[PDB]
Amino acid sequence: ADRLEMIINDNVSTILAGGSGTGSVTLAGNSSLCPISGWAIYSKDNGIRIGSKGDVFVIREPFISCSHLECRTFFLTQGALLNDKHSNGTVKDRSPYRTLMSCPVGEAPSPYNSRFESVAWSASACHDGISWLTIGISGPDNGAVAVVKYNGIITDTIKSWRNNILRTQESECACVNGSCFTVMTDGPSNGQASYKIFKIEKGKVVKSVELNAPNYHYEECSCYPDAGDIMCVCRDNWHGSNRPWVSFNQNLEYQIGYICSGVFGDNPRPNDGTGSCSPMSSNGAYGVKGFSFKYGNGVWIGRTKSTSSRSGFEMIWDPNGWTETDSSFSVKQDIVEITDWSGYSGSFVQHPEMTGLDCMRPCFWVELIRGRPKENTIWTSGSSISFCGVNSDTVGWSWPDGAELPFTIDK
């Protein structure tokens, strides 16, 4: 009878928490990436097309993160709407008006369907199986502060340790066994900076270590869990046209490197050729947020089709690209035509607790940027597409943004 009273009370508390969407069992995060052959399209929001008339936020960085019940598109907005004068982009990215918000995947980002997450001009978010963790960085450049919320309640803060634009992933953090992990950068974007990895439990930073990474540069990391460890594929904005990466276990014991493949993943970049396991200096300054998925010595690379502009997008399976420097690959899947605009891209995963699979499902999102600087508008925004890897038949195509620019507000 005591056993029954215990089970009843515990299950009742689980039911009461579940009424609010709060889980009861942490995501294990110990399964490996699923074997896949290609990418099946998951979502397209048509945000800018709809925003030509609907009330849609002007957004950037529409990254996706999933709980055990839903997948959401998180994004940063300047608190302005498309086709409104406040969309005039003479506000620089880091502003007091910028906020991290979220809406259901596939829906246009509107004030009528978007939940508020935090005040942020740089952000990260993930779900540990119980509640949502959100990290939002706001403040001055010389003393930015990341506010860390768990289930909407402020649980911690992280202040800049270099006083030079504290900034983080702009995609989902990675959660394993009830601890979530993220990467933050403080310092120059055109030179050596400082990079730290953080272990956070129930929204409280329980550990951090600074990477000893001379001549490396980490920004806007795409991190995913795999077999109980974390892999982050990032952006070298200093002097690398191949992508830097850092992996670590749950105790923040890490390894670092660069993707060796001659199929260079950053943008801008040189033409394909001999790759390097060190920073590739040629056209290596600047970059774009990106991702890659590691399968042994092979790598799935998501990259633009252009070597010079954020145009086009493609998935490339290079079965030796993680460790070897040749420019040969096996499979290419077209995602966006080179004649059309792309932009930031990131990874996200679907855990077994959501899918029912015995493996970690990889997925990715792509931001389709319209407006300034390449188009004659007063604004810059992005719509989103997203794909998940499957071990079944797929096809390549082009799913571009589709909006007709300039808008009414631009004339």
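From 1 onward, residues are counted along the sequence shown.
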- Note on the structure: Mean Cα B-factor check, 183-191 vs 90-98, entry values; winner is 90-98
- Select between 371-379 and 23-31 the stretch whose C-alpha atoms have the higher average B-factor in the entry. 23-31
- The residue of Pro111, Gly262, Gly302, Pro279 with the maximal C-alpha B-factor according to the PDB record is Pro279
- Task: Could you tell me which one of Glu117, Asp266, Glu324, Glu314 shows the highest CA temperature factor in the PDB record?
- Result: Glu324
- Message: Considering every modelled residue of the chain and its Cα B-factor in the PDB entry, is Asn46 in the lowest, middle or highest third?
- Response: middle
- Task: Please rank the C-alpha B-factors of the chain's modelled residues and tell me whether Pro270 sits in the lowest, middle or highest third.
- Result: highest
- Quick tally, chain-level thirds of C-alpha B-factors: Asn391 sits in the highest
- Query: C-alpha B factor of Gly38, ranked within the chain: lowest, middle or highest third?
  - Reply: lowest
- Name the third of the chain's ranked CA B-factors that contains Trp341, choosing lowest, middle or highest. lowest
